[PDB]
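Architecture and fold: a report
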Amino acid sequence: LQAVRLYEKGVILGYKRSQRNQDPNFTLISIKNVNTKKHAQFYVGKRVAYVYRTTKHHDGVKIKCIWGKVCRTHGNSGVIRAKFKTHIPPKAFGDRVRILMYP
Amino acid sequence: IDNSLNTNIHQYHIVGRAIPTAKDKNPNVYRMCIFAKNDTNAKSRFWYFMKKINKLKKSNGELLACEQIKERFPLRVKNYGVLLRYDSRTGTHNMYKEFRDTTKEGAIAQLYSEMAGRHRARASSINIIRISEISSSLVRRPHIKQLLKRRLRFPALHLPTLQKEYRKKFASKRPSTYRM
Amino acid sequence: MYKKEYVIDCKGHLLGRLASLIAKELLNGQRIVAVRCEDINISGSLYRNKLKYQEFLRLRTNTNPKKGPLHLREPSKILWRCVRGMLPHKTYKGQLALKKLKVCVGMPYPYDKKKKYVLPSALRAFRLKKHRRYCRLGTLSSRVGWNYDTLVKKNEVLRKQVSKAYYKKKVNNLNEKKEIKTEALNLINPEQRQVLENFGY
Amino acid sequence: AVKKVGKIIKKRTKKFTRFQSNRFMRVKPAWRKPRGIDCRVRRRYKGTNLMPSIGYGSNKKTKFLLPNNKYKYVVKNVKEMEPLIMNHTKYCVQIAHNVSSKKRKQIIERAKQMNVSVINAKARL
Amino acid sequence: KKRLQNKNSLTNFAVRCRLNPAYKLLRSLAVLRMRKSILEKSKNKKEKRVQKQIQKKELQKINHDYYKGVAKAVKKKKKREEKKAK
Amino acid sequence: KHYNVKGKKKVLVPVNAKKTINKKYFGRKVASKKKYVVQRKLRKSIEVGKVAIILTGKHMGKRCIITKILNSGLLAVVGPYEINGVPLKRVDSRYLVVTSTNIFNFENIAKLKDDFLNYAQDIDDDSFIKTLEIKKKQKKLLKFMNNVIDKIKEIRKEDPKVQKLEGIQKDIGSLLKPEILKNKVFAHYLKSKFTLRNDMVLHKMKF
Amino acid sequence: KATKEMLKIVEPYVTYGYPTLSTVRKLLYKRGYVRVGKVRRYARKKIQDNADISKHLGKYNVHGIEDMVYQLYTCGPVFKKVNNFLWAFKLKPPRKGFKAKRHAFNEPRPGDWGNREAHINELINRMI
RNA sequence: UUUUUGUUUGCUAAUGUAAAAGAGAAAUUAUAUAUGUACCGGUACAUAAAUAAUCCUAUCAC
RNA sequence: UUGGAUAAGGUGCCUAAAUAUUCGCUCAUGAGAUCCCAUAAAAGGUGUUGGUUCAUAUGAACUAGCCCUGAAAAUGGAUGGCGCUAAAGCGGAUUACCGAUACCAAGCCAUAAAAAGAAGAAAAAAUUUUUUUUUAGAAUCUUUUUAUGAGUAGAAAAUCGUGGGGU
RNA sequence: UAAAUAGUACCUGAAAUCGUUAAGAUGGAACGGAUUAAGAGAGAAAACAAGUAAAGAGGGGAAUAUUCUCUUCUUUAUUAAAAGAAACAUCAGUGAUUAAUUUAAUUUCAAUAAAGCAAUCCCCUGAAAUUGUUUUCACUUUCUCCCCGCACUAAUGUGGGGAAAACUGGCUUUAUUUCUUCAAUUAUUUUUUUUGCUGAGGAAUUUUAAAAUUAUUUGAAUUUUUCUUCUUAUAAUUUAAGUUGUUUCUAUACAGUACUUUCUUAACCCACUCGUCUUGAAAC
Ligand SMILES: [Mg+2]
Ligand SMILES: [Mg+2]
Ligand SMILES: [Mg+2]
Ligand SMILES: [Mg+2]
Ligand SMILES: [Mg+2]
Ligand SMILES: [Mg+2]
Ligand SMILES: [Mg+2]
Ligand SMILES: [Mg+2]
Ligand SMILES: [Mg+2]
Ligand SMILES: [Mg+2]
Ligand SMILES: [Mg+2]
Ligand SMILES: [Mg+2]
Ligand SMILES: [Mg+2]
Ligand SMILES: [Mg+2]
Ligand SMILES: [Mg+2]
Ligand SMILES: [Mg+2]
Ligand SMILES: [Mg+2]
Ligand SMILES: [Mg+2]
């Protein structure tokens, strides 16, 4: 084992949504083995990081990250709403997110 | 306590009367048991029934008491007979249906579902006239008779209603409906 | 849906429900290999299903039928079509999702050796009362001009023998492992052994 | 979106472009308010250009302040510099576009003496 | 005067007290009530039970009476039905 | 100092008012009219000798034992260096998952508690915060590669506070190590890095 | 009587009931604003201090919010004035939600618009 | 195939990932029953029956 | 604008939310599927589901639910699509959820009105004295408050700009 | 020629349109809005460093030509601080969560282990003789027993007929409640577990006064109470009197790949040709 997990794996789904209205201030995250409201509530304060890669280097690196807070659970099935410092782009909508164990 | 299971029909004793007049100082009081979802609904039902039966409207009468009847033995199975008046799209009918249940309230809850389901009779169109426990010598309906059989036994052919936690959409192995 | 690639054994599943289950997963972002699509089931009678499919077939484009509804009638292709129906396939994301789905008839060159999952929400056993008419998709397809059904069946049969053979070996291995464990529970320490016993192993 | 920097809140970094300015060259991007029945912008359908409105206005306190936190003052001449000797933190000079190189230099020198910021010192540099 | 926050009276203790001077005393009383241990309560239950019997009986009589009335009504209805049939 | 409003009993630490703010129509004034901030108050779990994971840092996942609750609020922690590799480290309560396990609930180690406490007391808050001069010195190296790093390390070593801290850590190790080593499983646990795996769901884990 | 008649005219567009003391208190404290100004120029000010209300309702011998609450609960001599002083209660929507605003409360199906004579209080609590 | 350093005149050095953090898991079959094992689809005996609510696999550095 | 919590409506997928719970009914060899709404009837049905009234565990008669027939039009085809039958159908009940520019809280803009208005050191940083910012008083103006903010024809006010004039 | 991309079609030389190069996109339009992102350009006037010291290059002003002082650019090094963004923390506001809780009310209950009461019996519930009331017989368990059918059953049992009893259930008692119970609903109260967003303003005397709190001091009160209340006095505090701090980072930087910003592409969602007469225009 080189490198340690220390986060729950997650999938950044769409934004918070109507049927045909967008609301990009919130994203919806699916957290791996969390299937209910109650279980989702455990994560409610935890910090979430969408890390992603780019071609050009930036602070001398190819990886950057946008941070978020996990604001609230999102109805019955263990999805959570996450609010990020800067809105996540929809290029992300299938992607992995890391939901950290901090706080 | 389980709130996913409940049906919030209670039974209410309502007593009311017409407001006294100089010409009729001591009017008659009327009572009824009414199956209703809450106390206010019960009251309204009572008023409606008064209007239907006597000359009495909410504005010229007064409710004397509304009590709320809780079942005395809410864990004893009983066989309830009910007599309804209901309205179909074509006309109006009486019927007598029987429900094996744990309380009058439960029976009434069952009844409303059944009328809705079997006859498309919505709650508005129904009037429960009497429910009474039928001792099992006088039970006329075969689906109740069967339950009243001596040493009752049956298998469990229902499918599992797993908790939403352990309902996972990908399964390792094809589950089994047989169980045992 | 956090795995790299789910293989779904489509046997015994109810077409539409299964498709629905697949579609959401695909959208979320998850390669799905629907395998053994000859054995998917549809909840109507066979004849009814055929009639529906006949009707579908009938709707071609009047003007020039090279374009217009393509009546893909391999069971896998039918499944794929169904899946597409439940995706926003005219976008980019939807298209990507669609692409992510692979479907097969029988089981071939990696998907013999992958684990095969099952969607129990869409299992015919759990979703239709046993006094209801259902229909095997493969048969339906055959009725509507697929042809390669018998061949597929033969292939499946062949594969089953191999699987059985593999399974025997696996069983033997498992037994051996068990034996070793039994032997080598005694050779550890006491406290550790006790602890192990306490938590199941 | 909203563009916080410190106490400066800007509600709308994007300019309001004229409707259809994108479609016809003859229609310049300078906002013009669509009169005309059936406009869709006038009617404010989802997905069309927005209409500038007084709701968008910046807080009375920070209004004309630049990212500097200083009101811009345009200056043509040394004499004009003098009003801002008593306001060298609140106002920042811009030297007028038409001022000559020598004169510009002089102005810059004066500004340095005053401690007043010059936002275009680099003109003709 | 410059408007500041608006303080949540129900919680913000100081604000509440300002609003309602008596409140403090009431809260103290409540606290005191909360304080007293469960043994006493348990003991009181017996007393309550002792005191309740007559009331319970009365209640039974009332509800029994109601039931009886209902039964009578039912019987009457049945009789009427029979008459109609005849 | 403390205030006891609605039964809480909050405890007040005296704060300084650093930020000046521009006054309305004449000159500047300090922002914080308030002089006494309520104290952090750590959760009913963070004890004095519990093992805890460090979630966030370079020492990511190493299980270290908690040392001192540090007045400031954030607490001190040690994987008694020579056992685990975690030095005397300051960490916030939030970047720690304190486990149910306690060093001073084992029968062997529990008798060395007073000494440990004393050692903890000896540590201060200001002994962590690096002074400006040192920082400046470190910065000054940036006008080859590995050489620079070495220089930085040397500079770090040089600091008297750092030296003191190191000494303290060493002392703690001396006090603690042998007993820990003797309890072999526990030692191993201490050494090892906490990881999440498939099966460890996280929301169900009472750890 | 008049009030009742008025209510009946607007029955389908409102709910109502008999508040209960605690509920009233809650309303006054969490949601109680007040008209503070020269007649017909009002300003909706939240109460907080009693001086706010002790001015306008000093004459009528109701200083402070508790007196007001009392007046509200049991229509006292000085009820009407107090009511007038209270700016109409801007409530949230209910945190669990209405059943159906279309239908009446007394309708056997789910609804809302009647005289839910006790149960108003629950609704108020939800939507405070 | 292996190793190293890199992708920080129109060009002549050269980068992209709709998805790595253990992305672990090959009987088959029925669903009012299955599966093996041993005999001749049948018989006898085992085995599964909240089956990924499991099992496997991680940290013991040089 | 930020956050909340709802409305109508939904919650199998498309599509944010239930393959939720709970009781019925329904199989359709052209099922059904939600106001306006995008069609269906008289008449039938030993289809199944309840009833009601009668007679001797059968025979009658009715009755109304769903279903079936009645039910045929021209490009190919539309419960919106996929599909759905232990419903994702029809009728209920129960919760929970998602869900607007409406509601709520807070911020900011403008409008309207309302209060109200013709003299003074505050702080930090340096090392008791220096340096650093401010040290306001423009009535169509300043400070603060509260409410409100849709808009064609139209009306008004304040602004913005072009060619020239006097200053 | 000052200048010829001022070359006689000659001042400036816009747009439409076209060329070159580059970059980018490209599945039956294109563009657009809202939102980020990824690129590619520009940029330091907030987006660090005032001053002090050493000696260069300048310029000024005064004091009575040459002492003093004020500065701007370089330079070497020499200390700040502020600034913003993070993170945590504290309050306040506004929510979400999951535990609860006091005193009542409303025919609740449920065990406990000793006594007993009746046997189609009892709490009840039926069916019969304007409310209450009297009586009638009907109703409970069983792994009990007997007879017939003799394994007849879905059943490790069973259909019918009949007994038995009181383990079952119910009642009556006497005590007991952490062996288990003390519900549910309302009324009245109090608190708590995590937590999301917000921080407007800056009060030369309404950022005061009072409330609240702490530590003292005088006198009462019945809620006898380490939060019991009021009040006599005194100091501080914040729960008052809209966010403050701590530590990093940007950074010991002068523009970089970071930061701000323009354009350019994508992607999610949305978006019909404007003008116009018209009840009604995306209009075939
Ligand atoms: Mg029009
Ligand atoms: Mg609703
Ligand atoms: Mg209407
Ligand atoms: Mg909103
Ligand atoms: Mg909601
Ligand atoms: Mg969805
Ligand atoms: Mg649907
Ligand atoms: Mg307007
Ligand atoms: Mg020249
Ligand atoms: Mg030229
Ligand atoms: Mg010229
Ligand atoms: Mg020319
Ligand atoms: Mg082509
Ligand atoms: Mg007994
Ligand atoms: Mg502020
Ligand atoms: Mg569209
Ligand atoms: Mg016309
Ligand atoms: Mg038009």
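Residues numbered from 1 in each chain as written, not as in the entry; some residues may be left out. Chains lettered and ligands numbered in written order. Part of a larger assembly, values for the part shown. Heavy atoms only, no water. Residues with missing side-chain atoms left out of burial classes, pairs and counts.

The deposited coordinates, according to the entry record, derive from cryo-EM at 3.2 Å resolution.

**Observations regarding the interface of chain F and chain A**
Quick note on the threshold: In this analysis, two residues are considered to be in contact whenever any of their non-hydrogen atoms come within 4.5 Å of each other. A 1.4 Å probe defines the accessible area here, and the buried area is the portion of it lost by two parts on being joined, summed over both.
Each partner contributes residues to the interface: chain F has 18 residues there, and chain A has 17 residues. In total, chain F and chain A occlude about 1700 Å² of area from one another, counting both sides; carbon and sulfur atoms represent 67% of this. Considering only the surface of chain F that becomes buried against chain A, F:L196, F:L202 and F:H203 emerge as the three largest contributors, covering 35% of it.

**Some remarks on the protein's contact with RNA strand I**
Test applied: Near is defined per residue: the residue qualifies when any heavy atom it owns lies within 4 Å of the molecule or strand. Counting of polar contacts relies on pairs of N or O atoms within 3.5 Å, with two restrictions inside protein: one atom must be capable of donating a hydrogen and the other of accepting it, and residues adjacent in sequence are counted only when both atoms are side-chain atoms. The helix count covers DSSP runs of H or I at least four residues long, the strand count covers runs of E at least two residues long, and both are numbered beginning at the N terminus. Each residue receives one of three labels: charged for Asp, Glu, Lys and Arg, nonpolar for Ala, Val, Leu, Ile, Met, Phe, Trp, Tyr, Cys and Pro, and polar for the others, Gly being one of them.
In the neighbourhood of RNA strand I, 125 residues make up the surrounding shell, with A:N76, C:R48, C:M86, D:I54 and G:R31 lying closest. Of all atoms in RNA strand I that approach within 4 Å of the protein, 78% are sugar or phosphate atoms. C:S43 has a polar side-chain atom sitting 2.6 Å from a phosphate oxygen of RNA strand I. C:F126 has a polar backbone atom sitting 3.1 Å from a sugar or linking oxygen of RNA strand I. Examining the composition of the surface near RNA strand I, we find that eight residues originate from one element, helix α1 (residues 15–28) of chain C, more than from any other. A per-class count over the surface near RNA strand I returns 38 nonpolar, 37 polar and 50 charged.

**So, the sheet that holds strand β8 (residues 86–91) of chain F**
All names here are of chain F. Keep this limit in mind: Here, any two strands with at least 2 DSSP bridges between them count as paired. Interaxial angles span 0 to 180 degrees and are taken between N-to-C directions of axes, which are lines fitted to C-alpha atoms, for helices over the stretch in contact.
Pairing is antiparallel in the open sheet, where five strands are placed in the order β8-β7-β6-β5-β9. Looking at which strands have only one partner, the edges of the open sheet turn out to be β8 and β9 (96–102). Averaged over all adjacent pairs, the angle separating strand axes in this sheet is 35°, with direction ignored. Here strand β5 (residues 50–54) pairs with β9 via four bridges, running antiparallel. By the bridge assignment, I53 is partnered in β9 with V97.

**Some thoughts on the arrangement of the chains**
Between all 11 pairs of chains that are in contact, chains A and F come out with the most contacts. The two units chain C and chain E never meet; even their closest C-alpha atoms stay 39 Å apart.

**As for the protein's contact with RNA strand J**
By nearness alone, 172 residues border RNA strand J, and A:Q22, A:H58, D:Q20, F:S32 and F:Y95 come closest of all. Counting only atoms of RNA strand J within 4 Å of the protein, the sugar-phosphate share comes to 81%. B:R76 places a polar side-chain atom, nitrogen or oxygen, 2.6 Å from a base nitrogen of RNA strand J. Between G:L21 and RNA strand J, the recorded distance is 3.2 Å, taken from a backbone N or O atom to a phosphate oxygen. Ranked by the residues each element gives to the surface near RNA strand J, the list is headed by helix α3 (residues 38–85) of chain E, at 15 residues. Among the residues forming the surface near RNA strand J, the class breakdown is 52 nonpolar, 38 polar and 82 charged.

**Considerations on a nonpolar patch on the surface**
What counts here: Note on patches: the residues involved have over 30% relative accessible area and no salt bridge, like charges join within 9 Å, and the nonpolar side chains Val, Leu, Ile, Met, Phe, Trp and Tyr join within 5 Å. Accessibility throughout is a Shrake-Rupley quantity obtained with a 1.4 Å probe, and a residue counts as covered only by protein chains that appear here. Salt bridge, as applied in this entry: a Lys or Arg side-chain nitrogen positioned within 4 Å of an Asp or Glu carboxyl oxygen.
A contiguous nonpolar patch, built from C:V195, C:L196, C:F199 and C:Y201 and spanning about 440 Å² of accessible area, is present on the exposed surface. For C:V195, the location among the structural elements is in helix α8 (residues 190–198).

**Here we look at the nonpolar core**
Here is a general trend for soluble globular proteins: nonpolar side chains tend to be buried in one another's company. The criterion, for reference: We call a set of buried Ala, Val, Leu, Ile, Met, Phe, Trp, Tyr and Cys residues a nonpolar core when their side-chain atoms join them within 4.5 Å. Each residue's exposure class comes from its accessible area (1.4 Å probe, protein chains only) as a fraction of the maximum for that residue type: buried when under 20%, exposed when over 50%, partly exposed otherwise.
Within the largest apolar cluster, 33 residues are counted, with the highest numbers of intra-cluster contacts made by C:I22 and C:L79. Among the secondary structure elements, those contributing two or more residues to this core are β1 (5–9), α1, β2 (31–35), α2 (46–58), α3 (75–85), α4 (93–100), β4 (101–103) and α6 (137–143) of chain C. It is α1(C) that provides the largest number of residues to this core, a total of seven residues. Every residue in contact with C:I22, bar those within four places of it in the chain, is listed here: C:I8, C:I32, C:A34, C:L79, C:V83, C:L101 and C:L119. Formed by 32 residues, the second largest nonpolar core is a distinct cluster that contains A:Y15, A:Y50, A:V70 and A:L100.

**Quick notes on unusual backbone geometry**
The backbone of B:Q68 sits at a positive phi, close to 75°, despite the residue not being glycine. You can call B:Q68 partly exposed: its relative accessible area is 27%. For D:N69, which is not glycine, the phi dihedral falls at a positive 80°. With respect to the helices, strands and loops of the structure, D:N69 is situated in the loop between β2 (9–10) and β3 (71–75). Here D:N69 falls in the partly exposed class, since its relative accessible area comes to 41%.

**Observations regarding the packing of aromatic side chains**
Going by this rule: Aromatic contacts are taken between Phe, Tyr and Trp rings whose centres are within 6.5 Å, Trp giving its six-membered ring; a plane angle under 30 degrees counts as stacked, one over 60 as edge-to-face, and the others as tilted.
If you walk through the whole model with that rule in mind, you get 18 aromatic pairs over all chains. A ring pair is formed by B:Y48 and B:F49, whose centres lie 5.1 Å apart and whose planes are at 75°; its orientation type is edge-to-face. The exposure class of B:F49 is buried, given its relative accessible area of 14%. Considering the side-chain rings of D:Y71 and D:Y91, the 5.2 Å spacing of their centres and the 40° angle between planes classify their relative orientation as tilted. Taken together, the residues D:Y71 in strand β3 and D:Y91 in strand β4 (residues 91–95) connect sequence positions 20 residues apart. With relative accessibility at 29%, the residue D:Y91 sits in the partly exposed group.

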